[PDB]
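Okay, structure first, notes after.
Values below: all heavy atoms of this structure, side chains included; hydrogens, waters and symmetry mates excluded. Convention: sequence-line order gives letters A, B, ...; per-chain numbering from 1.
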Amino acid sequence: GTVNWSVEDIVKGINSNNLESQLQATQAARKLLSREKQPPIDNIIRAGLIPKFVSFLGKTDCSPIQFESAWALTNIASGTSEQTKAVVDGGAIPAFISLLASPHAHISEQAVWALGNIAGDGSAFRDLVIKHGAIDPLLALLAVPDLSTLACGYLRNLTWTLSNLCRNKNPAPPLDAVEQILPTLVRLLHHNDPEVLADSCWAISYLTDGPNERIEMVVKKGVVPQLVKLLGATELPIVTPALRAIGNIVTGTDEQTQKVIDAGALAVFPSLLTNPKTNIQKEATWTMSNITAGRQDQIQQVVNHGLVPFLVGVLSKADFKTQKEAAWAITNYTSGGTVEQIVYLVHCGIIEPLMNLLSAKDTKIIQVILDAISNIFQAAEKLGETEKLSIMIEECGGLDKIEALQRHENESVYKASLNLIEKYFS
Amino acid sequence: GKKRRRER
Amino acid sequence: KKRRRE
């Protein structure tokens, strides 16, 4: 009997001061707000119903109307920022936090969900949820000896809401809130449900997207080996955030990068750098470029794991955005590597696919490649073998592309090409 | 996704 | 050398 009511009829029932009439009309609003297409969120807001729903959250003696209003407000808060703000403006944040302690699991779960939508809107509402004290009661719901005893749907919703408390920047979440959540997140990252694992990895990826000190708070909890394990999962929704987190970590110090290498991550890169999902190859190549920006002993582990041929492969054929990350990986490698390491790059076949990418109408990748060539020549100088390299560049059509770039518009580009020609080709 | 609507 | 450029 609560199917497809008009907003007018919902209002009439909610304004009746008969609690059971109010319950039926609130369920009718919940069903409207739950429909597949175009839920009438603005019309419900415009009818003035949010304050009434918020007061219903407080009706301990009518748990059904607490549930129905919590679900209705969850779905309003699922909308635009302005729609979420209307829920926050009605006083919903403290009312939902109070429902976290509900003895009815389905009501506590709905309050978890609503707070996830609020916090997920952005940094300010995230921080406002934290200031109203959401973290303690959320974490208390997970304080069980074995997460396997919780209902799977309930645990997934908690994990997702915690990941929204970790999400967003400018500012990043308060340091003390992150320290408070992290031990529970570490435990969720070891749980066996694929959706819990994915959202735990997303949360970790948000917390490592930041300066070195934020990375260190995570790395010090010892999660890198579990992240590397998940990097090999068969589920793409797990691999994607695990790889984003690993990539964020290797943007940190060389010691943080070494923990990634120590845990075995490089052995997964033959598959990641050939992965059929373009986004995975791109993120894996970006991650490789931050590893080849490391120490010579880290470059050497890239060599030992057989990854330079995989970088030649991606430079030769990949989505253009991936090829650009590969060009960066090569310039970083040639900037930091030993003479022997750089020589090895040439023996693996780097020169021809590098030259072919000089036809790209992207100015910064051209700058990147020209820098690499110069670095490779400098290594060749120290061995007295620049002429061998010049001929290599000439035989594959590279000298033509470099000469043509002397007449390229970008002054940084034509200066670099002029120097190369002047220095090694005449 | 940042936000989720409960449909059922 | 490091690039926070995802």
Side-chain angles (χ1 to χ4, degrees), chain A residues 169 172 205-206 208-212 214-215 240-241 243-257 260 279-280 282-296 298-299 321-322 324-337 364-365 368 371-372 375, chain C residues 2-4 6:
Chain A
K169 291 166 71 172
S205 80
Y206 307 147
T208 52
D209 185 355
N212 294 353
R214 300 289 177 146
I215 295 175
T240 295
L243 175 56
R244 291 174 61 83
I246 287 298
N248 291 342
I249 289 159
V250 302
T251 71
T253 67
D254 295 331
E255 291 79 9
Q256 290 162 344
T257 300
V260 175
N279 182 254
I280 295 296
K282 186 187 71 189
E283 292 270 325
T285 303
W286 169 68
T287 298
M288 290 302 316
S289 77
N290 282 318
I291 294 170
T292 62
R295 308 183 309 241
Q296 297 179 340
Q298 299 173 324
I299 294 167
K321 285 183 147 185
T322 302
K324 198 177 204 256
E325 300 301 343
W328 273 109
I330 296 308
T331 302
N332 293 348
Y333 180 123
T334 64
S335 178
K364 187 46 180 172
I365 196 190
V368 170
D371 282 351
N375 294 355
Chain C
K2 304 288 203 170
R3 295 179 310 126
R4 330 194 101 97
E6 212 88 43

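For a residue to count as touching a neighbouring chain, one of its non-hydrogen atoms must lie under 4.5 Å from one of that chain's; by this rule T287(A) does not touch chain C.
With sequence neighbours left out, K169(A) forms a side chain to side chain contact (heavy atoms under 4.5 Å, CB included) with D209(A).
Without hydrogens or angle criteria, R4(C) side chain to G210(A) main chain gives a donor-acceptor distance under 3.5 Å. In this structure a side-chain-to-backbone donor-acceptor pair under 3.5 Å is missing from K2(C) to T251(A).
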